[PDB]
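The form deposited without the partner chain is given below as one chain in structure tokens.
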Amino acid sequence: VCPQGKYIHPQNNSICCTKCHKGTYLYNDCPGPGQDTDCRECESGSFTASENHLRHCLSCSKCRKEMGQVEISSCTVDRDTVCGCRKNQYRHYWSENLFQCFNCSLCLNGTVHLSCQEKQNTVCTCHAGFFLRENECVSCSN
């Protein structure tokens, strides 16, 4: 079929044009072998992520800010925005692909194991033989 990186001409299923590039749409399909495809760039704010032959770019998506989000590199012809987590809170994907930043919990009096990190909250184990509970250090059933 069209080898790597070429697609099938709709009009004539015997001609294979280059696929566009990230960032650009197809303004029109290349006229016959040998010929370039008209890839005109994305009107900001929009993108396409990849090889494609798309008649339009996909708009920028803003962050689902209900989840205490902030994006942290902007949407820009290849890149849809990346949102990620606000000044050292943590990225709880629930379920992906929504997620929220909960706040980073410092331990509820235990000894720090893992420090707070983009996939996981700080991780605790505890002071003075308390019964261990995620963050919390709760003595026992009480």
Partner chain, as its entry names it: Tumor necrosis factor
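Positions refer to the first chain, counted from 1.
Not on display, but discussed next: the form solved in complex with the partner chain.
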ask   = Does the partner chain get within 4.5 angstroms of any non-hydrogen atom of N28 in the bound PDB entry?
value = no
message = Against the partner chain in the bound PDB entry, would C116 count as a contact residue? Criterion: heavy atoms within 4.5 Å.
response = no
ask   = Looking in the bound PDB entry, any heavy atom of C104 within 4.5 Å of the partner chain?
value = no
inquiry  = With the partner left out here, check for me: in the bound PDB entry, does some heavy atom of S59 sit within 4.5 Å of the partner chain?
reply    = yes
message = Within 4.5 Å of the partner chain in the bound PDB entry, counting any non-hydrogen atom, which residues from 31-61 show up?
response = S46, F47, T48, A49, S50, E51, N52, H53, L54, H56, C57, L58, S59, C60, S61
